[PDB]
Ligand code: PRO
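Form deposited without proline (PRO), single chain, as structure tokens, below.
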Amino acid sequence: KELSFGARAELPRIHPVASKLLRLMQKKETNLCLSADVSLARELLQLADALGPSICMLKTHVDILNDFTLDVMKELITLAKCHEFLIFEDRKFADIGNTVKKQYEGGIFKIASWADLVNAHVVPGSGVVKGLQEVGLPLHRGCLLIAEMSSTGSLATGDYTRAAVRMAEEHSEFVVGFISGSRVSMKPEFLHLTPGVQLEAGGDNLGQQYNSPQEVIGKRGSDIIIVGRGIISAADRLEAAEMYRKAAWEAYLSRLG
């Protein structure tokens, strides 16, 4: 039956990145991942600073930052360490192994130098995980596999989802869990991170679908909610982040018994 985050952090087969994450989740009482979908470095950093105490993780799309530099990432690393959260680059790699290795290590972004976690789609087959790990393992990084998507018409279903779970099991030295809408694996060493979350049900006008923290954490058995616009679009993002943190945490407690 259901183990606490602190207990999972001590599971035998647990990745040190997952263990570090589960520990600060337990310590800070948050299972909220902020999706910091903004185009300005000054806004990203002011969000990370102010909301840092409320979150276990900050999720970035650096390819959307109009003023990206590696110095912005350095300041973000300082905030992650000071407020205690992980940095997750939402790169959604979906290319052959030979290419994703360079996209993760190199270019302008040098994602691997600053991101604790990245994610990958499984559509290319396991070579995508093998390419990323050749870079990630040396650097003690973790990866999430996209077993399910939140958007209308997603093909990440059935046999596809099963393939994701299988691939994660075969590369558990590097893969720490899933992007999914539910619990897709019974193994408690794996983390389940769920995007497509807002307090009000609904969606956007480009196929995003939203479910509540209570539905996702409490009934669907996921671990962490990933929240973008639900927080970002509020006048007071701190208040918003706290609302989401409390909903996700209490749903987690109430799942625990």
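Start at 1 and count along the sequence shown; that's the residue number.
The same protein also has a form deposited with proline (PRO) bound, omitted here; what follows describes it.
Judged by the 2.4 Å clash test against backbone and C-beta atoms, the pocket of this chain is blocked once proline (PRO) is superposed from its pose in the deposited complex, as three or more ligand atoms violate the cut-off.
Stretch 125 to 133 is the answer when you ask which of 160 to 168, 125 to 133, 77 to 85, 183 to 191 has residues with heavy atoms within 4.5 Å of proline (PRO) in the deposited complex. By the criterion of a heavy atom within 4.5 Å, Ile108 is excluded from the residues contacting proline (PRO) in the deposited complex. Although the partner is absent here, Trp114 sits far enough away that none of its heavy atoms falls within 4.5 Å of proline (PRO) in the deposited complex. Contacts between stretch 146 to 177 and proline (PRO), counted in the deposited complex as any heavy atom lying within 4.5 Å, involve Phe174 alone.
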